[PDB]
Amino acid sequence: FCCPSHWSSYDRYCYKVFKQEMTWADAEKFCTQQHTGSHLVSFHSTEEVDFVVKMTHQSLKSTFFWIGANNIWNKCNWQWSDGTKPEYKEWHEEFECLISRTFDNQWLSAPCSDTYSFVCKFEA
C-alpha cells in the first residue's frame, strides 16, 4: 500500500510533518482530522526515530516537535518512602508531554500547554 501525496513513507506507515505550532491536545486532534488512523507519531524502534528526525530536520525550522505521549507523570504510581499511599494530595497542577529533537534520537518533555510543531502518522 502507498501513502497519500505529500506524505512520506517508512516501513508500512505514513508520516507527515506539520509546521503549525499547536498544543499537544490540539496537535493530536489535528492529526486525527488529517486521515483515518492518523495520530501524533509514535516510535517503536531506533530506525523509525531516525527516519522522522531526518525527515523533520529537513522541513522544520524549529528544533522540537510533539510526540504521541502525554501526561507522563500524572499516570505514575506515587508512594511515600514511609510506605503509605498519598491519600491527601497537594500537587502542583503539571502536565508534561513528550517532544523529539530535530538533531538527535533522544526525547525530552514539555508542558502540554506549550506550543510546538509536530508530525502525524497512520498505518496502511
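Residue numbers run from 1 along the displayed sequence.
**Q** With reference to the PDB entry, specify whether the mean Cα temperature factor is higher for 60 to 68 or for 47 to 55.
**A** In the deposited entry, the stretch with the higher C-alpha B-factor mean is 60 to 68.
**Q** So 98 to 106 or 13 to 21, which one's hotter by mean CA B-factor in the entry?
**A** Per the PDB entry, the higher value belongs to 98 to 106.
**Q** By the recorded C-alpha temperature factor, relative to the other modelled residues in its chain, which third is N74 in?
**A** Tercile = middle for this residue's CA B-factor.
**Q** Report the third (lowest, middle or highest) to which the CA temperature factor of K85 belongs, ranking only the modelled residues of the same chain.
**A** It belongs to the highest third of the chain when residues are ordered by C-alpha B-factor.
**Q** Where does the C-alpha B-factor of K29 rank in its chain, lowest, middle or highest third?
**A** Middle third.
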